[PDB]
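Here is the structure we will look at.
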Amino acid sequence: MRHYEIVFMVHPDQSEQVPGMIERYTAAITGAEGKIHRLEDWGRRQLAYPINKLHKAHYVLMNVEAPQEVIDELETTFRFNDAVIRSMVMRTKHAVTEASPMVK
Amino acid sequence: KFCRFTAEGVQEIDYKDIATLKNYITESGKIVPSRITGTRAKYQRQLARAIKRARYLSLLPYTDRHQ
Amino acid sequence: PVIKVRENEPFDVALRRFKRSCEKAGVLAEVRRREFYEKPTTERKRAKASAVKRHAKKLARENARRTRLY
Amino acid sequence: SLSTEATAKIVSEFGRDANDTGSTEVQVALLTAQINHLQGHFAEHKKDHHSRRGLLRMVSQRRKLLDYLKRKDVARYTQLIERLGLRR
Amino acid sequence: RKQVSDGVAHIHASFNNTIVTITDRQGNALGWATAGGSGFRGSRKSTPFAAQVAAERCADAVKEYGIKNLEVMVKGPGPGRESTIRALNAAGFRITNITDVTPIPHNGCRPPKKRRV
RNA sequence: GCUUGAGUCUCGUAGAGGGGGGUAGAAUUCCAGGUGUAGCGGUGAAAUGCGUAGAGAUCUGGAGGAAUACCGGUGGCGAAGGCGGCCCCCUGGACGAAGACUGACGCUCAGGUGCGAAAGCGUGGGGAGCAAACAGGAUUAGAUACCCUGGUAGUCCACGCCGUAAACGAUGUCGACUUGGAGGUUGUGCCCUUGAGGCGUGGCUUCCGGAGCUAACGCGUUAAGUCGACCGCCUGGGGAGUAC
RNA sequence: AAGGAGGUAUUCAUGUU
Ligand SMILES: [Mg+2]
Ligand SMILES: [Mg+2]
Ligand SMILES: [Mg+2]
Ligand SMILES: [Mg+2]
Ligand SMILES: [Mg+2]
Ligand SMILES: [Mg+2]
Ligand SMILES: [Mg+2]
Ligand SMILES: [Mg+2]
Ligand SMILES: [Mg+2]
Ligand SMILES: [Mg+2]
Ligand SMILES: [Mg+2]
Ligand SMILES: [Mg+2]
Ligand SMILES: [Mg+2]
Ligand SMILES: [Mg+2]
Ligand SMILES: [Mg+2]
Ligand SMILES: [Mg+2]
């Protein structure tokens with residue numbers, strides 16, 4: 001299993017749905033027996049520049065150990081979901097189960 | 001001189017650490033050269049990747065004439 | 001290079017500060033280099049020649065700093 | 001390249017002694033598995049000339065090892081090509 | 001006519017010519033002036049003095065609106081690039097911001113070929 | 001038979017190495033609209049050209065193509081050509097540490113096969129910017145040019161063909177030996193890391209220089225030094241890399 | 001554009017700014 005690290009920024013209007021989306025993605029990964037090493041909802045953060053004329057996205061970070069097929073499926077879900085403004089998934093060698101600097 | 005990263009034995013830049021990236025960018029938003037900063041070459045490349053990833057995630061501005 | 005006039009700041013000082021900020025940014029140099037298309041061969045040749053010139057004079061100074069001028 | 005567990009399985013299968021990795025049979029088996037694996041990749045990416053060069057090196061190395069084994073021990077050569085299904 | 005007491009001065013300073021345009025904060029243009037209108041032609045219109053007189057002409061043009069505050073946005077590699085700012089200060093506006101807005105590409109379109117002169 | 005050459009395995013390291021697919025922002029162009037008015041554009045100086053049907057400028061929205069500022073470095077990677085935003089998938093090579101393993105399995109290579117910048121060709125798309133040809137305006141005694149305003153192939157994509165470059169380090173590949181210094185980059189061992197340090201030990205890489213070599217220029221442990229193995233090539237200049 | 005200084009260039013507390 002490959003360690004991934006996902007950050008997906010959500011439209012602030014849809015901030016009330018973020019725990020639901022978090023639960024759905026967690027359930028998918030857990031159903032695929034993927035580990036979840038970190039999950040940190042950063043909240044609204046006042047983006048440096050207006051993405052699609054919108055500010056203050058809901059960042060939400062999540063470090064995961066899961067297979068690549070489920071990651072690809074999750075990426076497709078991100079692309080098709082209008083709620084999430086942006087997302088990025090990056091491979092990592094080791095699961096960094098430590099506190100994030102901004103949360104710290 | 002005085003490469004800051006090798007002083008603490010940092011393994012990776014961890015782009016989420018904005019404050020360090022703020023030190024290593026200029027007011028206009030571009031990356032300060034390693035010749036000026038004093039960073040080692042390997043950490044400089046890691047720092048450049050981290051800043052670019054942060055710019056994509058909109059934690060840092062590409063330029064000051066953006067928003 | 002955004003500049004905002006500080007409280008109790010003279011205009012001439014502000015203008016000189018703005019010129020300093022533009023110099024540090026290197027705007028004029030960038031646009032001037034981008035005025036015309038430089039071929040990749042020309043760019044590589046120019047960079048290499050400049051490095052050679054810099055290195056040569058460094059060696060020249062560091063060596064000729066041990067001689068009797070008079 | 002090739003995963004660790006797959007390499008361990010091949011070494012166990014073809015090794016005269018389980019820890020004898022340097023065996024010519026083991027090397028040929030490892031090369032054959034890697035060559036067979038890359039067939040799908042190069043079918044997908046016909047323009048990957050840089051990787052195909054490494055593939056050619058593997059093929060040439062395998063035939064050199066096979067020639068050496070044929071010189072040294074004919075029976076081992078026949079058995080190995082039977083195991084791996086290699087034309088001559 | 002609609003007094004606003006704060007304007008934006010866009011100074012487009014090319015090598016050949018300098019165009020100064022006073023506008024509202026939102027973007028609607030109020031008045032403009034250029035060295036060509038100032039009468040200088042060619043080698044004389046590509047000089048800082050022409051930019052200064054064009055800035056003065058523009059300030060007179062937008063004098064009707066009674067603008068007091070003025071933020072400056074200077075753009076382009078122009079010969080003067082500064083004489084316009086000095087002229088506006090002399091004309092008697094409070095300069096609030098001095099901002100450079102030169103459009104620098106991030107390795108975009110190919111520039112024209114080098115001149116062989 | 002042996003283990004020193006060669007190769008395999010264990011753990012890590014750095015890299016614009018390659019292929020495929022997404023995505024980001026700046027910028028150019030065009031379109032629609034608002035504000036606003038007589039110039040804009042260009043040159044050594046002008047004109048062609050564009051603008052009262054409202055240009056240029058300024059603001060908002062949209063479409064599209066191409067390329068990735070800063071970082072960036074006589075830095076890195078690749079056999080060479082060459083490779084530069086970020087992310088994911090597939091994939092090649094190199095190097096270091098400690099060992100274990102096979103046991104000469106090696107080096108070179110005519111024919112042969114493959115890769116091979118740019119321009120060019122075929123079929124089908126795409127087309128923002130740039131720009132051979134071409135058109136116009138200038139310059140000049142002339143200007144089939146340099147300069148200016150436009151501008152088609154092409155530059156981009158997919159699949160084929162072409163197979164040439166000052167494809168250059170003008171230096172074939174492999175191996176061994178021979179004084180040094182200053183750096184860069186990437187590993188790694190030890191010494192109290194007395195905190196950014198001190199002493200080693202590899203790989204790749206830039207400069208200076210000794211013997212030696214060279215016609216000289218210069219090369220100089222990455223040799224053009226002292227040698228060994230294999231291959232390619234030269235025999236005065238033109239005619240000619242031309243004719244058949 | 002012209003003149004002066006330092007270096008191969010920076011360490012030179014952050015803060016302030
Ligand atoms: Mg291998
Ligand atoms: Mg031009
Ligand atoms: Mg190399
Ligand atoms: Mg041949
Ligand atoms: Mg071509
Ligand atoms: Mg074609
Ligand atoms: Mg066509
Ligand atoms: Mg032309
Ligand atoms: Mg043109
Ligand atoms: Mg040839
Ligand atoms: Mg070349
Ligand atoms: Mg040759
Ligand atoms: Mg060979
Ligand atoms: Mg030398
Ligand atoms: Mg011929
Ligand atoms: Mg020829």
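Convention: sequence-line order gives letters A, B, ...; per-chain numbering from 1. Basis for what follows: all heavy atoms, side chains included, without hydrogens, waters or symmetry-related copies.
Using the rule of two distances under 3.5 Å, F:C219 and F:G49 do not count as a Watson-Crick or G-U wobble pair. In this structure F:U74 is not paired with F:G232, as neither the Watson-Crick nor the G-U wobble definition is met at both distances under 3.5 Å. If you check F:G41 against F:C174, you find neither a Watson-Crick nor a G-U wobble pair with both contacts below 3.5 Å. Entry note: F:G220 and F:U48 fail the pairing test, Watson-Crick or G-U wobble at under 3.5 angstrom for both distances. Base-pair annotation: F:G241 with F:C130 fails the Watson-Crick or G-U wobble criterion (two N/O distances, each under 3.5 Å). With both hydrogen-bonding distances under 3.5 Å, F:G39 and F:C50 qualify as a Watson-Crick or G-U wobble pair. Pairing status of F:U155 against F:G126: not a Watson-Crick or G-U wobble pair with both distances under 3.5 Å. Taken together, F:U68 and F:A24 meet the test for a Watson-Crick or G-U wobble pair: both N-N or N-O distances fall under 3.5 Å.
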All N/O pairs under 3.5 Å across the protein-nucleotides 28-34 of chain F interface:
from, atom 1, to, atom 2, distance (Å)
F:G34, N2, E:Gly27, O, 3.3

Distances under 3.5 Å between protein N/O atoms and the N/O atoms of nucleotides 169-172 of chain F, please, pair by pair.
none

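Here B:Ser34 lies in heavy-atom contact (under 4.0 Å) with sugar-phosphate atoms only. Looking at heavy-atom distances under 4.0 Å, C:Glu30 makes contact with sugar-phosphate atoms alone, never a base. If you check every strand for non-hydrogen atoms under 4.0 Å, B:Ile51 touches nothing. In this structure, E:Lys45 reaches the bases: a heavy-atom distance under 4.0 Å links it to at least one base atom across the strands shown. Note on D:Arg52: nothing from the nucleic acid sits closer than 4.0 angstrom, heavy atoms only. Counting non-hydrogen atoms under 4.0 angstrom, B:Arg49 reaches the backbone sugars and phosphates but no base. Residue contacts for C:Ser50: at a heavy-atom cut-off of 4.0 Å it reaches no nucleic acid atom on any strand shown. Using a 4.0 Å heavy-atom cutoff across all strands shown, D:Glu44 reaches no nucleic acid atom at all. Contact annotation for B:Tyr62: base contact, defined as any heavy-atom pair under 4.0 Å involving a base atom. Nucleic acid contact for E:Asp24: none, since no nucleic acid atom lies under 4.0 Å from a heavy atom of the residue.
Relative to the side chain of A:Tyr49, the nucleotides F:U185, F:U102, F:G25 differ in distance, and F:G25 lies closest. Of the candidates F:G85, F:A55, F:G7, the closest approach to any side-chain atom of D:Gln61 belongs to F:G7. Side-chain proximity of D:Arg53 to F:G42, F:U10, F:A79: nearest is F:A79. For B:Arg53, counting side-chain heavy atoms from C-beta on, the closest listed nucleotide (F:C87, F:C71, F:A69) is F:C87. In the set F:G18, F:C130, F:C105, the nucleotide with an atom closest to the side chain of E:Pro112 is F:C130. If you check F:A14, F:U68, F:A26 against the side chain of E:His106, the one that comes closest is F:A26. Comparing F:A69, F:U91, F:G106 by their nearest atom to the side chain of D:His41 picks out F:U91. Considering only the side chain of A:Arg2, F:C90 comes nearest among F:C90, F:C70, F:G42. For D:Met58, counting side-chain heavy atoms from C-beta on, the closest listed nucleotide (F:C88, G:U8, F:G92) is F:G92.
Rounded to whole Å, the distance from CD on C:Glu23 to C1' on G:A1 is 13 Å. Rounding to whole angstrom units, CD of residue D:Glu25 and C1' of F:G103 are separated by 13 Å. Here the P atom of nucleotide F:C207 and the NZ atom of C:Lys58 are 16 Å apart, to the nearest Å. Rounded to a whole Å, the NE2 atom of D:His49 is 14 Å from the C1' atom of F:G17. Computed from coordinates, the A:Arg79 CZ to F:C88 P distance equals 15 Å when rounded to whole Å. A straight line from NE2 of E:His12 to P of F:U37 spans 20 Å, rounded to a whole angstrom.
The partner of F:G225, taking Watson-Crick or G-U wobble pairs whose two distances both stay under 3.5 Å, is F:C177. Both distances falling under 3.5 Å, in either a Watson-Crick or a G-U wobble arrangement, place F:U13 opposite F:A94. Using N1 to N3 plus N6-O4 or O6-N4 for Watson-Crick, or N1-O2 and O6-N3 for G-U wobble, each under 3.5 Å, F:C199 pairs with F:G189. Both distances falling under 3.5 Å, in either a Watson-Crick or a G-U wobble arrangement, occur for no nucleotide opposite F:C71. The partner of F:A145, taking Watson-Crick or G-U wobble pairs whose two distances both stay under 3.5 Å, does not exist in any strand shown. Nucleotide F:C2 forms a pair with no other nucleotide shown, judged by Watson-Crick or G-U wobble geometry with both contacts under 3.5 Å. Pair assignment for F:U29 gives F:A63, based on Watson-Crick or G-U wobble hydrogen-bonding distances that are each under 3.5 Å. Across all strands shown, F:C109 forms no Watson-Crick or G-U wobble pair with both distances under 3.5 Å.
Judged by ring-centre distance under 5.5 Å and interplanar angle under 30°, strand neighbours F:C191 and F:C192 are not stacked. Neighbouring nucleotides F:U193 and F:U194 fail the stacking criterion: their six-membered base rings are not both under 5.5 Å apart at the centres and under 30° between the planes. The six-membered rings of F:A224 and F:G225 are unstacked under the 5.5 angstrom centre distance and 30 degree angle criterion. Under the rule of centres below 5.5 angstrom and planes below 30 degrees, the bases of F:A16 and F:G17 are not stacked.
A 4.5 Å side-chain heavy-atom check between B:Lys22 and B:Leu60 finds at least one atom pair inside the cut-off. Looking at C:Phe11 and C:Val5, their side chains never come closer than 4.5 Å, going by heavy atoms from C-beta outward. Between D:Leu80 and D:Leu66, the closest side-chain pair of non-hydrogen atoms falls below 4.5 Å.
Side chain to side chain, E:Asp100 and E:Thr102 meet the donor-acceptor criterion of an N or O pair below 3.5 Å. Using modelled atom types, one finds a donor on one side chain and an acceptor on the other under 3.5 Å when comparing B:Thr20 with B:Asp17. Side-chain contact of B:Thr26 with B:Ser28: a donor-acceptor pair under 3.5 Å is present, judged by distance alone. Under the 3.5 Å distance criterion, with hydrogens and angles disregarded, no donor-acceptor pair is assigned to the side chains of D:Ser3 and D:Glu5.
No hydrogens or angles were tested; on distance alone, nothing pairs the side chain of B:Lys42 with the base of F:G75 as donor and acceptor under 3.5 Å. If you check distances only, the side chain of D:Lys72 never reaches the base of F:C105 with a donor-acceptor pair under 3.5 Å. For F:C59, the base has no donor-acceptor partner in the side chain of E:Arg25 [N/O atoms by modelled type, under 3.5 angstrom]. Side-chain atoms of D:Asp48 stay outside donor-acceptor range of the base of F:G19, with no qualifying N/O pair under 3.5 Å. In the interface, the side chain of E:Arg41 is paired with the base of F:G41 through a donor and an acceptor atom under 3.5 Å apart.
Comparing B:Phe2 and C:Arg6 against RNA chain G, the residue whose closest nucleotide sits nearer the 5' end is B:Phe2.
A distance of about 14 Å separates the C1' atoms of F:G225 and F:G209, rounded to the whole Å.
A distance-only check finds no donor-acceptor pair linking the side chain of E:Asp24 to the backbone of E:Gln26 [under 3.5 Å].
A salt bridge links E:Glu82 with E:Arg86; the closest basic N to acidic carboxylate O contact falls under 4.0 Å.
Aromatic ring centres of B:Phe5 and B:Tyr24: separated by under 6.0 Å.
Centre separation under 5.5 Å together with a plane angle under 30° does not hold for the ring of D:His50 and the six-membered base ring of F:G18, so they are not marked as stacked.
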